[PDB]
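Beneath this line is the structure, given in structure tokens, with notes to follow.
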Amino acid sequence: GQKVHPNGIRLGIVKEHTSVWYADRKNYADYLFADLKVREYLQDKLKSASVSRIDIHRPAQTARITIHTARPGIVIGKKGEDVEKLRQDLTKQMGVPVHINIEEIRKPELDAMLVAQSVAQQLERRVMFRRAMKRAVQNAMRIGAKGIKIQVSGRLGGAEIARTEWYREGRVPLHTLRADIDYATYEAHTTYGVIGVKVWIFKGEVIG
Amino acid sequence: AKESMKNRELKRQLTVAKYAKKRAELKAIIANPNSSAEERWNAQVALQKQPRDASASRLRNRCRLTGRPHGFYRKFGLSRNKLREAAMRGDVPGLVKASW
Amino acid sequence: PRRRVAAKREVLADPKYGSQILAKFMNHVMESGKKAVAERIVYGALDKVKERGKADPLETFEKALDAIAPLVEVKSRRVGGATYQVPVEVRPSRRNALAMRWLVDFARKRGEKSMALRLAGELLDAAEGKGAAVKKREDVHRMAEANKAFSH
RNA sequence: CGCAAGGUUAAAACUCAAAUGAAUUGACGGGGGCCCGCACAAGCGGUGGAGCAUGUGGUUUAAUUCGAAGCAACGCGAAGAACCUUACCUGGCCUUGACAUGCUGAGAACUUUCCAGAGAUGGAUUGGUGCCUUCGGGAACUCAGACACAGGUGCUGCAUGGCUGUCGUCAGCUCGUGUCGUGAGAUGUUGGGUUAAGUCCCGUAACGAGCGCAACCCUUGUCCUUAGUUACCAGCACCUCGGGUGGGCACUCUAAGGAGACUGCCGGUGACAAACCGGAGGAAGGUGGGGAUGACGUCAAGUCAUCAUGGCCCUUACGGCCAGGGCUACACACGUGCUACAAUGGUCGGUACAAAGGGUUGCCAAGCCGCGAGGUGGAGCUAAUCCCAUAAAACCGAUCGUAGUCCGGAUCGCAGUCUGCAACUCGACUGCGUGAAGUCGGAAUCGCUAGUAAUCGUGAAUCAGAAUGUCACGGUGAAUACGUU
RNA sequence: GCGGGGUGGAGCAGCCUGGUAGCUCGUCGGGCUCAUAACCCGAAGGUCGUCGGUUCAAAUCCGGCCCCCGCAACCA
RNA sequence: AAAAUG
Ligand SMILES: [Mg+2]
Ligand SMILES: [Mg+2]
Ligand SMILES: [Mg+2]
Ligand SMILES: [Mg+2]
Ligand SMILES: [Mg+2]
Ligand SMILES: [Mg+2]
Ligand SMILES: [Mg+2]
Ligand SMILES: [Mg+2]
Ligand SMILES: [Mg+2]
Ligand SMILES: [Mg+2]
Ligand SMILES: [Mg+2]
Ligand SMILES: [Mg+2]
Ligand SMILES: [Mg+2]
Ligand SMILES: [Mg+2]
Ligand SMILES: [Mg+2]
Ligand SMILES: [Mg+2]
Ligand SMILES: [Mg+2]
Ligand SMILES: [Mg+2]
Ligand SMILES: [Mg+2]
Ligand SMILES: [Mg+2]
Ligand SMILES: [Mg+2]
Ligand SMILES: [Mg+2]
Ligand SMILES: [Mg+2]
Ligand SMILES: [Mg+2]
Ligand SMILES: [Mg+2]
Ligand SMILES: [Mg+2]
Ligand SMILES: [Mg+2]
Ligand SMILES: [Mg+2]
Ligand SMILES: [Mg+2]
């Protein structure tokens, strides 16, 4: 059967929207389109930098962007002229003045998006999937991470029959809502096509 | 949802937006009863000679991301299905699945 | 069903006459959720019964009902090789509904002016048993008697 | 040997890579035992008969553009085909091109209100050369030329990702350690109960764990506090008798925070366990009602045409631009609905009560003008305030008297209204008139267990206009369940 | 020359008792089934070989014509 | 009660 999106069904209950602001019919579409374009542009440019979550906060006629990454020196380089050139680039996507905050995240191997991208980029270099998935599960489980499930689907190896593999550890209760399941998907474009990666990480029970 | 389709509908958008008042003037002339046939026929000819691809009826709004004609929600600028992706990712503000 | 857990909601909403059987006749005669139309039709038939028969229409309706209530009926059974019909006695509750259904069904197709005098004619006919409903009840009874070889 | 039927002794050529025994897991049986589900039974209302709407098959066409095909295709992708959409046909016109990057050269785009052509396109075309300069030039814009190219709704869903249907919201599906078997495997997960449930109890070579069930989430039903504007009006007053005003925090109402129901208490049963059958209190009693939530996997299920993507394919075209036509054709067949065949009704007059929602490239009131669809006009509203906008079925009074009819409305003729550049192919409504089939429908077949079926109305999306379709909201309001062959 | 008989595409009722055209197989269409076969249900298809006559009226009865049989009788 | 085939 088809599973509901774990992040979608938890919006409002325990998850939070990445783009938080207010608008009306005059510029709701404009603001939403600007946010999607700016997120696409940021990911496409600094794909090398390990970026996970981009938050958009729009007060009156301004935009405050906070970026979550594991390598802050890549963007804050030699007093961060990268920051200023980034601001100049962003100024045209939305006419309001831009404000950039770089946020550091502890334990990058407990983040679903970073883990998925790491697995995908290992797969792109013709590393067989079992070792990569096992080591990802090992690293995640070694520090907290009361559950993790990793799934990879596609033309594994080079055989001309696609299939699906997945490894789980701990407990990953998806039907419960008190849980905060971090979930991410990514793709790898090898010589035989696209191989998809999905990661679920269960951190704990939200009480209170 | 070809590249050419998006470009050539941007053409309609540009032409319609560029005049944007002469149509209103001519329709005000026509709709006004006390305008006389002398001032109505010249307005008819003006409307006829003006390019056809500058009308609201000639515009078909598509997705701003892919250009899918069908399945459009003008509350957003999105198609039927990219709305679902954006909502699940959490990019659309204030949107949650409803039961009631 | 398979549980036998279904309840039995009790409805007794006689407005002015304060009769229980009249209420179930209302529920039977009501069509498409039109309660007021059923009220007017049944009360017109009742008033016709009153203006015709010197006896009060309550007991006339009751004795018409008790003269159309059957005692046994024939029911098909799959024996596994033949088409058999066995007679079974009526449950005490079911006979009232059977009488109501038969009465309303036969009253619906008279062809005269309106169901007021239609139901009036049926009540008068079934008071002593000259109506078609009583005839069909007797036919059902004689089916059950002619199929008594099975009985059980 | 035998009377005969035939018995007994007993080969070969040729041909295949197997034939076979016992046991294991699954599947199946016109084998068996329990249990469940509108599966039957008990009832209500339909479809299949008529006309019309809509999709599909077939046929036709220059084209009727592709896809979907038992349930799990057929009011489906399409939550809107007159142009566009648009992918097809006819005809006309382009080759670095409608778009992006690299090279060189000339210059503002704008506005020039003109001509040839169905049009793309071409040609004259007043006016300003522009901004900042190391004042050399540069940016961006318009055009020209050359390649590297750009492009494709072109093929492959049996090369793929992502997304979805289905079994099925059924209660199942597995693992670690231990043990049994030479093994495939098996135990756990079997038994007796009980439950909606692999839910729970006790037993028990098993002891534990995970995904599932339940719970956490939304809505509705009771009550308390907070708060009274654009909402409300119990009490006082004013009153032009309209919450119209002063005013009030009473109530309703709005929306935030909270209590309540957990087998809690009593009686009976039960292995004095789980649990079962009634009762009190209680607004609600036995997961109160509804929704979201869809395990391991199956169907090489669907999608390359939303998107992405490995290949393969075209480069004067399988890429682009424009005008007309088609997707709305029609000897037939099928699916899904609407209106009916009338007296539990058709008209006429006055009269009563809802919920939900949309609105500043918008709603669009009053008066007035038109039989009408509609027209001038402009108030108020960025909306608990103004508009969309008067609910209908229901009740009463008059009439029709069962007649193809004061039923039914298709078809058709004439003249209109609205938007749109443009209603012929091919829109919706309006006025007058004609007025059809249709007498409740064979075999067969469908939905539904309580605010349910049936019936009556209202709103939103898509959208210049175009709903009998989709999604959503209320009014009135049933019958039936002996039971599991 | 004898006797019987002509009725939807094929075969038989309706004939005796004049007034009342049905049935089985075929064709077409639709049902049931995962699909076919078998089954089930509708529609079309004969104004009754021909003519006259009787009769108020003839598929039902009286002759002629044409044909079919059971016949005898034909054997290139 | 009927039930041939792929
Ligand atoms: Mg493309
Ligand atoms: Mg349009
Ligand atoms: Mg064997
Ligand atoms: Mg079996
Ligand atoms: Mg039944
Ligand atoms: Mg029909
Ligand atoms: Mg039909
Ligand atoms: Mg088609
Ligand atoms: Mg449907
Ligand atoms: Mg065209
Ligand atoms: Mg497939
Ligand atoms: Mg797929
Ligand atoms: Mg061993
Ligand atoms: Mg065994
Ligand atoms: Mg087993
Ligand atoms: Mg076993
Ligand atoms: Mg095992
Ligand atoms: Mg084991
Ligand atoms: Mg099992
Ligand atoms: Mg086992
Ligand atoms: Mg369990
Ligand atoms: Mg649950
Ligand atoms: Mg789902
Ligand atoms: Mg396939
Ligand atoms: Mg296909
Ligand atoms: Mg079509
Ligand atoms: Mg039920
Ligand atoms: Mg055979
Ligand atoms: Mg086979």
Side-chain angles (χ1 to χ4, degrees), chain A residues 1-4 9-10 12-13 24-25 147 153-155 159-162 168 170-179 185 187-196 205-206, chain B residues 1-12 20 23 26 32-33 44 46-60 62-63 65-75 79-82 84-85 96-100, chain C residues 1-4 6 9 11 24 27-38 40-41 75 77-83 88 91 94 97 101 108 111 113-115:
Chain A
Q2 270 63 69
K3 281 92 174 161
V4 74
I9 206 64
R10 295 183 163 71
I13 305 164
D24 268 322
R25 76 280 191 190
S153 306
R155 299 191 44 183
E160 67 269 17
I161 281 174
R168 65 169 286 290
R171 61 195 317 266
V172 190
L174 296 182
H175 268 80
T176 189
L177 294 165
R178 277 199 327 269
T185 69
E187 289 161 320
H189 307 256
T190 71
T191 48
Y192 309 101
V194 192
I195 297 89
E205 294 293 328
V206 182
Chain B
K2 292 181 181 179
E3 298 289 16
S4 80
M5 295 299 291
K6 309 190 226 153
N7 274 325
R8 86 182 186 185
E9 73 93 16
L10 188 153
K11 291 177 70 68
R12 284 85 170 93
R23 301 293 278 263
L26 294 174
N32 183 61
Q44 303 153 20
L47 210 54
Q48 275 215 19
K49 65 178 72 66
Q50 281 148 0
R52 184 186 286 173
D53 199 86
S55 179
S57 306
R58 303 267 312 191
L59 191 42
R60 181 90 161 189
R62 321 151 86 92
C63 196
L65 281 187
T66 60
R68 193 178 199 278
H70 299 251
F72 192 83
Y73 292 165
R74 78 183 41 179
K75 181 69 176 177
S79 174
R80 170 169 61 92
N81 49 11
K82 298 292 180 68
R84 173 146 193 261
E85 295 182 350
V96 296
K97 291 177 71 68
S99 315
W100 79 81
Chain C
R2 299 206 204 272
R3 285 300 187 292
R4 181 60 269 166
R9 63 176 99 87
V11 54
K24 203 57 183 174
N27 276 338
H28 272 80
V29 66
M30 182 179 72
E31 190 276 331
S32 183
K34 308 310 198 40
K35 182 63 66 68
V37 182
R40 153 189 66 176
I41 295 299
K75 148 200 171 189
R77 190 163 76 193
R78 294 302 93 223
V79 75
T83 304
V88 64
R91 293 209 307 270
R94 183 171 142 86
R101 182 155 41 227
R108 282 149 178 278
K113 281 281 159 178
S114 87
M115 283 73 74

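For the numbers below, each heavy atom of this structure counts, side chains included, while hydrogens, waters and symmetry mates do not. Chain identifiers are assigned alphabetically (A, B, ...) following the order of the sequence lines, protein sequences preceding nucleic acid strands; residue numbering begins at 1 within each chain.
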- Message: Return a single string for nucleotides 347-352 of chain D, one symbol per nucleotide in 5' to 3' order, where B is base contact, S is sugar-phosphate-only contact and - is none, cutoff 4.0 angstrom on heavy atoms.
- Response: ------
- Reading nucleotides 454-462 of chain D from the 5' end, what letters show protein touch, with B for base, S for backbone sugar-phosphate only, - for no heavy atom under 4.0 Å? BS------S
Check whether any side-chain N or O of [X] sits under 4.0 Å from OP1 or OP2 of [N], and answer yes or no.
| X | N | answer |
| --- | --- | --- |
| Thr66(B) | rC307(D) | no |
| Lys24(C) | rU480(D) | yes |
| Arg3(C) | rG483(D) | no |
| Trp100(B) | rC473(D) | yes |
| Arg25(A) | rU360(D) | yes |
| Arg68(B) | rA78(D) | yes |
| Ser55(B) | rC421(D) | yes |
| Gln50(B) | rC421(D) | no |
| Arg23(B) | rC421(D) | yes |
| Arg58(B) | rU85(D) | no |
| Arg62(B) | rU86(D) | yes |
| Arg101(C) | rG43(D) | yes |

Can you confirm whether [N] and [M] pair in Watson-Crick or G-U wobble fashion, both distances under 3.5 Å?
| N | M | answer |
| --- | --- | --- |
| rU351(D) | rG178(D) | no |
| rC170(D) | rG294(D) | no |
| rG67(D) | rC135(D) | no |
| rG8(E) | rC25(E) | no |
| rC175(D) | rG102(D) | no |
| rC253(D) | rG228(D) | yes |
| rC180(D) | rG185(D) | yes |
| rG57(D) | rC312(D) | no |
| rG346(D) | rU399(D) | yes |
| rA234(D) | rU458(D) | no |

Would you indicate which nucleotide in [options] comes nearest to any side-chain atom of [X]?
| X | options | value |
| --- | --- | --- |
| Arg155(A) | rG212(D), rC217(D), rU160(D) | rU160(D) |
| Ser153(A) | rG77(D), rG161(D), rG483(D) | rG161(D) |
| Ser4(B) | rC321(D), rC84(D), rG161(D) | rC321(D) |
| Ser99(B) | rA464(D), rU160(D), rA292(D) | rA292(D) |
| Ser114(C) | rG165(D), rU344(D), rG294(D) | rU344(D) |
| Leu177(A) | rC216(D), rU164(D), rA343(D) | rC216(D) |
| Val4(A) | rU164(D), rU293(D), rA78(D) | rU293(D) |
| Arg8(B) | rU86(D), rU166(D), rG345(D) | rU86(D) |
| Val37(C) | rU480(D), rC216(D), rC395(D) | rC395(D) |
| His70(B) | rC482(D), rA323(D), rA78(D) | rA78(D) |

Between [M] and [N], how far apart are the [atom1] atoms? Round to whole Å, please.
| N | M | atom1 | result |
| --- | --- | --- | --- |
| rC66(D) | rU95(D) | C1' | 29 Å |
| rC89(D) | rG154(D) | P | 11 Å |
| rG130(D) | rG137(D) | P | 14 Å |
| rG268(D) | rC28(D) | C1' | 49 Å |
| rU220(D) | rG451(D) | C1' | 13 Å |
| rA383(D) | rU229(D) | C1' | 13 Å |
| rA73(D) | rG57(D) | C1' | 12 Å |
| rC334(D) | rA461(D) | P | 39 Å |

hbond_proxy [X] side chain to [N] base (donor-acceptor, 3.5 Å cutoff):
| X | N | value |
| --- | --- | --- |
| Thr83(C) | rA1(F) | no |
| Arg108(C) | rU344(D) | yes |
| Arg52(B) | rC421(D) | yes |

- How close do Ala179(A) and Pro173(A) get, heavy atom to heavy atom, and via which atoms?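 Smallest heavy-atom distance, with atoms named: CB-O, 4.2 Å.
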Would you indicate what [X] reaches in the nucleic acid, counting non-hydrogen atoms under 4.0 angstrom: base, sugar-phosphate, or nothing?
| X | value |
| --- | --- |
| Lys3(A) | sugar-phosphate |
| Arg171(A) | sugar-phosphate |
| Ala20(B) | nothing |

Do any N or O atoms of the protein come closer than 3.5 Å to N or O atoms of nucleotides 448-450 of chain D, and which pairs are they?
residue, atom, partner, partner atom, Å
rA450(D), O2', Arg9(C), NE, 3.3
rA450(D), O2', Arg9(C), NH2, 3.0
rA450(D), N9, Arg9(C), NH2, 3.1
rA450(D), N1, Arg9(C), NH1, 3.1

Do [M] and [N], which sit next to each other in the strand, have six-membered ring centres within less than 5.5 angstrom and planes differing by under 30°?
| N | M | value |
| --- | --- | --- |
| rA305(D) | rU306(D) | no |
| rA197(D) | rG198(D) | no |
| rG49(E) | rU50(E) | yes |
| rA98(D) | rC99(D) | yes |

- Query: Should we say atom CZ of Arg77(C) is surrounded by more than 12 heavy atoms from elsewhere, each under 6.0 Å from it?
  - Reply: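 For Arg77(C), atom CZ is not crowded (no more than 12 foreign heavy atoms under 6.0 Å).
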- Message: In whole Å, I'd like the distance from the NZ atom of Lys11(B) to the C1' atom of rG97(D).
- Response: 13 Å
- Note on the structure: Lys2(B) atom NZ is separated from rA98(D) atom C1', nearest whole Å, by 12 Å
- Task: Taking only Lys NZ, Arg NE, NH1 and NH2, and the carboxylate oxygens of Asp or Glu, determine whether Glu3(B) and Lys6(B) approach each other closer than 4.0 Å.
- Result: yes
- Message: Using heavy-atom distances to pick each residue's nearest nucleotide on RNA chain D, tell me which of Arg80(B) and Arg78(C) is more 5'.
- Response: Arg80(B)
